[PDB]
Amino acid sequence: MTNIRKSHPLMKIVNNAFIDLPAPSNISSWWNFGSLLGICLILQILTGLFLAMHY
Amino acid sequence: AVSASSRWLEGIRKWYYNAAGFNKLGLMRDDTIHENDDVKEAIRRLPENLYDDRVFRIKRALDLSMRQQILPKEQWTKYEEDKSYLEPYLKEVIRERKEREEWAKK
Amino acid sequence: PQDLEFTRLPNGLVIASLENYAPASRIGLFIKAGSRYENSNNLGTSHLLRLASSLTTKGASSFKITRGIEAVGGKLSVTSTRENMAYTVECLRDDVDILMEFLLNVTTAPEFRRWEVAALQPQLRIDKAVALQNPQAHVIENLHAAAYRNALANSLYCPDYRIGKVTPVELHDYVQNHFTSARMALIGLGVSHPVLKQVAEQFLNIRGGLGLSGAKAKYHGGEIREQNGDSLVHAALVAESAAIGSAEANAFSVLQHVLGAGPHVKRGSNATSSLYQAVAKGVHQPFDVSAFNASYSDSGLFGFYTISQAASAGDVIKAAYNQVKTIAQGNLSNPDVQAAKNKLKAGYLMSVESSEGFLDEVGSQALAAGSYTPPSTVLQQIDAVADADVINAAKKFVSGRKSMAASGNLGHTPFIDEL
Amino acid sequence: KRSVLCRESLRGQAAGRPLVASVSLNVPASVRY
Amino acid sequence: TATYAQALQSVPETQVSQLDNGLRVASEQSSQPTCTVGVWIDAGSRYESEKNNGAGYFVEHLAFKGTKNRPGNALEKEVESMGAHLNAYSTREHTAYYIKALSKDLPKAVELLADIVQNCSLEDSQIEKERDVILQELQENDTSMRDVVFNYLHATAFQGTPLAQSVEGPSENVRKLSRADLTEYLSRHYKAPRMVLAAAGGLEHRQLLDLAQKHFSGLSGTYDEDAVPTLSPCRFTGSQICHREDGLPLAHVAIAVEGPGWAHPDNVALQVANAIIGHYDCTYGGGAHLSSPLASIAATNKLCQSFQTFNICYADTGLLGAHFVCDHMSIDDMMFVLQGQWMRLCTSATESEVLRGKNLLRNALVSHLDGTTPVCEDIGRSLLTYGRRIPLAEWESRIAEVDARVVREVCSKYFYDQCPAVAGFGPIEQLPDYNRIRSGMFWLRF
Amino acid sequence: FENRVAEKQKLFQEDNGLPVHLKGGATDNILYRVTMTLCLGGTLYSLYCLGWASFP
Amino acid sequence: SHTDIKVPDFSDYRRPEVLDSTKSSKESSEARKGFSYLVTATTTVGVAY
Amino acid sequence: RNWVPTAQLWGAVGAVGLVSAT
Amino acid sequence: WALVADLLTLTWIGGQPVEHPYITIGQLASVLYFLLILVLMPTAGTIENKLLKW
Ligand code: HEM
């Protein structure tokens, strides 16, 4: 490969678990809670750090 | 001594079979199996016909699941047609491994 | 103490036995399937069959088979030739029974499973590759397919193109037709004949006539030449020998030895070998050569084998011929025939001085003749050869359709018209 | 591969009953004459 | 009917006998056609000094090319026309020449052999003809990884000792070697008691004994002044010798832990141990189902091409280990399984497993003895090795005392916490660092 | 489990001219000497106590 | 050719106990492992403190 | 097998560890 | 589903005065939860397997 951004950096390859990964077709709405799970972890954190900026 | 009792299980069996929805999906009982190490080897032992079949069936099935659509009433798996085609293969695989285990006692 | 004991049954399978003194007993069922029993469509099947001895069978799973013999320290050898297929089975006195039941499953109850046979396949390549490391095997093989047309011209190793194509009904068919009663001969080196028979009777009764493969013999002169990059070149020059267990044959054998150069001394050179002397004189420093002699049921192959370097190929090759022509011109003095003879006699005896040797010798005889000829008798026959007789045979190579096979840089290897 | 340079060469095939006999055994394995 | 044990006890005992000079006579009778008479001299490579490192091996090329009685090709012609074969083998501890021959041929057999040992017509021409040959053999032995590597092993586990030298000897010692030097060599080491005249088959011991040409004897001391051990211990060293040649297609690795002399109770128990690990090749028919793990793993995972465990037995030294040939990328995995098999063996042996190996042993040790040649070498070598006993029926007994705890405790002496002798002829790029192979011999984890 | 009475039978039947209470090694010996030491010392100590208690 | 190989003189780097070209290392090296393992057991014992 | 005797010295180590360390 | 609804039932108790009414309820819900998880489901599994002839 040449200038395939993704696998060029080794780091950026590690991020291709989001984009290129095998994901089953059929899949209830239930699985979105994984992702949202992370969403919440990131929101609490940003929020926490600002509150702990005045607590 | 099973004449009345065991000739009526088929009645719950039959009930149960169509209760579990996989009937409707176009799938069969053997294709609903938990793919573990024994199933796996059985699987591998399948002829091209049997085996490609199980791939289309599951293809058609996961397609339906993805679209939340049931197959037409006319095209459903009927209990009377229980292809237990994995069973034969699956038994041995186990049979082999039980032996292996046993031979390893002492 | 007790000598062997043959017994032909109603089926026609032979069985022998020698309760020996020593600790180790060895059975060996010799079935009459050689490579010669396959057709254009069936080539390579014995090969795979030979390699598939430890697969699941009706009464014993590949795992039990292997682990079982290991349990007791047993060996299971499955040897074949162009004509026969010896299925050897060694183990300790006490364990014959556990072992025998193994030999019987392997041979009468094979279950070639699509999946099992399939994983073997690749083994054929690995096996072919390791035996094709000795020039002798590819040349010696090339020889047989040049010299024959149809049956014995089939090689022992599966043809490259066939390998993965060996199908389970093929294996099943081959066993069924060839692994039968009339073609079988049990042989024990430390078992009771009385108990042997019983077993034989109980497990070896299957029907199958000969030649459902396409039996028949035929010789055709021809040359197979394989170019290489190797310094050294090997070539074989051979004419229809006399057949198996016949006088002519026997004569050949004696002649073979008058020229025959299988060193009897480490680091030692033959003084006796005419071929070697004659070749040697007209030849360079480094080289080696020897008399080849093959004998089968319906044909033979006699002649020599050479190993020369690029430029010396011809010189050696002709040299060797010329010398064998000498014997055919009549030039051969009594003193050398008797040496020969004694050489032969000594060899055959050492051949049979071991269990393994004896067991082969015996089974071998049971598929040819139908009984065991004792050594002595054997010895007598070889002696009956006339000094002339030898010459006469020899006369036949020089005046018998040529058939050669060589390998290496062939700039300097005579063709048929060259010699 | 074993180098075959010297006088040592002494390989040519010819036995009594057996000729070019190829063994395949569960443990060992080989090619004889 | 007859049962293993029985057979065992019924076997023809070996008769050991002595001439006035110490010529040892042994023989096992069977009243059979062929006979293999042999003279098993025990002055090997390990007596050689740096110069005559290849002395003995040189004599062996001259052994069969003339006696003052039997000049140029008179030896061969004689053997041949009888139909007898004549072989000479040389070891780092044992030289031996034997004849295979019709039993009626003893008369001129034993004469020949005797002749051979003593009178060897060796002219300058034969010396300069052999040199060239030797130098050419050497070149050809460099073409064999297995031979190249096993030499290495010895050299590194014997670094700094007479024993570490090739039996083939130094290149240039062949060139240099003085004609006078083969004499002193022979003269000093072919003197029995060293020698043994052994034989098996159809002969009567009585006649062997008598037949022995009583011509020259041991010109040595009657007292302890001789007792200065010519068999002086050879210092044990755990080092590695790594000779990397990425040019080569495969990789040979010989890994060893020093072991017992020829005679020792621990020395049969070891064997039973290696029975278990076993030996394996691309062409084994059992592969994945073979009962020895290294084999199964190997078979299964295409781990290696071929592997064999060995027990090299010397009077004061012993090389123990296995040897595996494996692709460039699999050197470490096979190291891991192997060493792993060792440790598991000295801590977790199970009676089942040791009982299977046991039985393997018996067979290996009975089947070897099939044939005349075999028996003869066991009888000859057995006498300089183990002294004048023939432990054949004992074996089964000794082999019988084997227990899973016996096997475990004996294996732990030699392998556990011991420092390995490792050599390879690369692709050794992936060959484990000496410290890694070291820590492989103790169990924290892995 | 094990079963190696066969090894011990051999060890104890070995003709080393040793008495059974020592036939088994070095530990047998230390155990012996410890026991013997404690006994003799104890006996000495006891005699001291009696000599001591004999007096008012 | 691969026989004119010698392993180099290690005499400077080895040690007292196993320097004896002509004698056994088995009845020498029992201790040698002790002393090295001793060092380990001590370190690991002080560090533990 | 050797596991009892080894599990018993591993047993002991933990114990003496706790006891002491704690 | 029942476990889930048993779990809902338990959550309810949480905001309840610790008195008879709630006590007695919670206690049977806490046994139900562990039955559902430890004993009921596992058996049901088997049954279903046996009705399918598995
Ligand atoms: C998922 C992980 C976290 C969860 C579940 C969580 C949850 C909570 C909850 C329930 C409270 C009580 C707020 C209230 O009811 O008044 C709180 C307060 C607080 N958290 Fe978080 N939090 C998380 C991560 C963080 C992080 C990462 C930070 C800092 C970077 C943080 C900083 C604070 C601060 C400073 C307060 C105190 C002031 C307040 O009551 O807002 N938290 N957190």
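The deposited coordinates for this entry were obtained by cryo-EM, with a reported resolution of 9.1 Å.

Novice: How would you summarise the arrangement of the chains if you had to cite specific residues and measurements?
Specialist: Sorting the 11 pairs of chains in contact by contact count puts chains C and E at the top. At their nearest point, the C-alpha atoms of chain A and chain C are still 29 Å apart, with no contact between the two. Chain C makes no contact with chain G; the smallest distance between any of their C-alpha atoms is 21 Å.

Novice: Give me the site of the ligand: which residues, what numbers.
Specialist: Lining the immediate surroundings of the ligand are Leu 41, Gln 44, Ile 45, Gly 48, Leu 49, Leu 51, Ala 52 and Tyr 55 of chain A. Of the residues that constitute the shell around the ligand, the class distribution is six nonpolar, two polar and no charged.

Novice: Describe the interface of chain E and chain C, with residues and values.
Specialist: Facing 53 residues of chain E, the contacting portion of chain C comprises 42 residues. When the buried area of chain E at its contact with chain C is split by residue, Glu 80, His 289 and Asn 363 of chain E rank highest and sum to 17% of it. Counting across the interface, chain E meets chain C through three salt bridges. A salt bridge links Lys 100 of chain E to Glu 353 of chain C, with the nearest nitrogen and oxygen atoms 2.8 Å apart. Viewed at the interface, chain C and chain E are joined by 20 residue pairs in polar contact. Sorting the residues of the side of chain E that touches chain C by element identifies α1 (4-10), β4 (34-39), α2 (55-62), α3 (74-82), β5 (85-90), β6 (95-102), α13 (351-367) and α14 (372-385) of chain E as the ones contributing at least two each.

Novice: So what about the sheet that holds strand β11 (residues 306-313) of chain E? Which residues, and what values?
Specialist: Residue and element names in this part refer to chain E. The sheet built from six strands is open, its strands ordered β8-β13-β9-β12-β11-β10 with mixed pairing. In the strand order of this sheet, the two ends are held by β8 (240-242) and β10 (279-281), each with one partner. Direction aside, neighbouring strands of the sheet carry axes that sit 20 degrees apart on average. Bridging between β11 and strand β12 (residues 318-325) involves eight bridges; their strand directions are antiparallel. Across the sheet, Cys 313 pairs through a bridge with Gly 318, a residue of β12.

Novice: Talk me through the packing of helix α3 (residues 37-45) of chain B against helix α5 (residues 86-103) of chain B; I want residue IDs and the actual numbers.
Specialist: Residue and element names in this part refer to chain B. At a closest axis distance of 8 Å, the pairing of α3 and α5 adopts a crossing angle of 125 degrees. Taken together, the axis directions place α3 and α5 in an arrangement best described as oblique. Between α3 and α5 lies a crossing of right-handed hand. Between α3 and α5, the contacting residues are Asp 38, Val 39, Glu 41, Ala 42, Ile 43 and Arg 45 on the first element and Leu 86, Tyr 89, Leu 90, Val 93, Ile 94, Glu 96 and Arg 97 on the second. Tallied by class, residues from the contact of α3 with α5 come to eight nonpolar, no polar and five charged.

Conventions used here
Residues numbered from 1 in each chain as written, not as in the entry; some residues may be left out. Chains lettered and ligands numbered in written order. Part of a larger assembly, values for the part shown. Heavy atoms only, no water. Residues with missing side-chain atoms left out of burial classes, pairs and counts. Contact = heavy atoms within 4.5 Å. Near = heavy atom within 4 Å. Nonpolar A, V, L, I, M, F, W, Y, C, P; charged D, E, K, R; others polar. Buried area = accessible area lost by both parts, 1.4 Å probe. Salt bridge = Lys/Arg side-chain N within 4 Å of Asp/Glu carboxyl O. Polar contact = N/O pair within 3.5 Å; in protein donor to acceptor, adjacent residues only side chain to side chain. Helix = DSSP H or I, 4+ residues; strand = E, 2+ residues; numbered from the N terminus. Pairing = 2+ DSSP bridges. Axes fitted to C-alpha atoms, helices over the stretch in contact; angles between N-to-C directions. Parallel < 35°, antiparallel > 145°, perpendicular 65-115°, else oblique. Left-handed = near helix turned anticlockwise from the far one by under 90°.

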